[PDB]
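# Coordinate analysis (summary)
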Amino acid sequence: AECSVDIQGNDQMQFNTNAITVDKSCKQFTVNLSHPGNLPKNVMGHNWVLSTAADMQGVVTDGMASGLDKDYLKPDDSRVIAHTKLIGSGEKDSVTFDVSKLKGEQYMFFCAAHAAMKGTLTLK
Ligand SMILES: [Cu+]
């Protein structure tokens, strides 16, 4: 089984996939985010955030209110299962999480800085 995924966020405010599959056998899962292109993080920075689909809008609302100073996430938001740092072009970050925190239950990933950038994460 594959228990990681490589995802890209580019200068055109897009991830290169809208769906991630987590094998049901994985006990941990790693997301390796990178940023092809050339725009720095103060122009077009990206992160990767995981929550349930049901919680996404709530996380984004409270993130927006928290602002740039907090990378557009409410600090310690219990709805956020995992997240990366904000990265600019040429930079990378990885986050690993325990699959036991996933159930049910439909999950989504998104960029907190640019919440139009989204996709689904599913156990398979
Ligand atoms: Cu982004």
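Residues numbered from 1 in each chain as written, not as in the entry; some residues may be left out. Heavy atoms only, no water. Residues with missing side-chain atoms left out of burial classes, pairs and counts.

In the PDB header, X-ray crystallography is given as the technique by which the entry was determined, and 1.60 Å as its resolution.

The protein chain goes by AZURIN in the PDB entry, where it is assigned to Pseudomonas aeruginosa.

This brings us to the UniProt feature "binding site: Cu cation" in the protein chain. Taking the UniProt record as the reference, the feature "binding site: Cu cation" is found at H46, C111, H114 and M117. Given the relative accessible area of 1%, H46 is considered buried. Excluding its chain neighbours within four sequence positions, the residues that come into contact with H46 are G9, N10, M13, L33, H35, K85, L86, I87, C111, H114 and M117. Within polar-contact distance, the side chain of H46 engages the backbone oxygen of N10 at 2.8 Å. With respect to the element layout, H114 can be found in the loop between strand 7 (107-110) and strand 8 (118-123). For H114, a relative accessible area of 17% gives the class buried. Not counting residues up to four positions away in its chain, the partners in contact with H114 are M13, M44, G45 and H46. (UniProt positions renumbered as here; feature names shortened; annotations may be inferred. Buried < 20%, exposed > 50% of the residue type's maximum accessible area, 1.4 Å probe, protein only. Contact = heavy atoms within 4.5 Å. Polar contact = N/O pair within 3.5 Å; in protein donor to acceptor, adjacent residues only side chain to side chain. Helix = DSSP H or I, 4+ residues; strand = E, 2+ residues; numbered from the N terminus.)

Coordination sphere of the copper ion, protein contribution only: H46 (ND1) and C111 (SG), at 2.0 to 2.1 Å. An identical accessibility class is assigned to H46 and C111; each is buried. (Donors = N, O, S within 2.8 Å, 3.2 Å for Na, K, Ca; no water.)

Before going further, it helps to examine the sheet that holds strand 4 (residues 49-52). Across the sheet, five strands lie side by side as 2-8-7-4-5; this open sheet has mixed pairing. The open sheet terminates on both sides in strands that have one partner only, identified here as strand 2 (19-22) and strand 5 (82-83). Judged from the four bridges that link them, strand 2 and strand 8 form a sheet pairing that is parallel. From the neighbouring strand, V22 faces strand 8, where its bridge partner is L123. Sheet strands touched by helix 2 (residues 53-66): strand 4, strand 7 and strand 8. Its angle to strand 4, the strand with the most contacts, is close to 125 degrees. (Pairing = 2+ DSSP bridges. Axes fitted to C-alpha atoms, helices over the stretch in contact; angles between N-to-C directions.)

In this section: the UniProt feature "disulfide bond" in the protein chain. You can see the UniProt disulfide between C3 and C26 is made here, since their sulfurs are only 2.0 Å apart, below 2.5 Å. Here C26 lies in the loop between strand 2 and strand 3 (28-34) and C3 lies in the segment before strand 1 (4-8), a separation of 23 residues in the sequence. Residue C26 is classed as buried on the basis of its relative accessible area, which comes to 3%. (Disulfide = S-S within 2.5 Å.)

The next point concerns the nonpolar core. If you look at the biggest cluster of nonpolar residues, it comprises 22 residues, and the most contacted ones within it are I20, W48, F97 and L121. When residues of this core are traced back to their parent elements, those giving at least two are strand 1, strand 2, strand 3, strand 6 (92-98) and strand 7. If you tally residues by element for this core, the top one is strand 3, at three residues. Once residues within four sequence positions are removed from consideration, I20 is found in contact with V5, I7, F29, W48, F109, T120, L121 and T122. Membership of the second largest hydrophobic core comes to eight residues, among which are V49, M56, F110 and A112. (Core = buried A, V, L, I, M, F, W, Y, C linked by side-chain atoms within 4.5 Å.)

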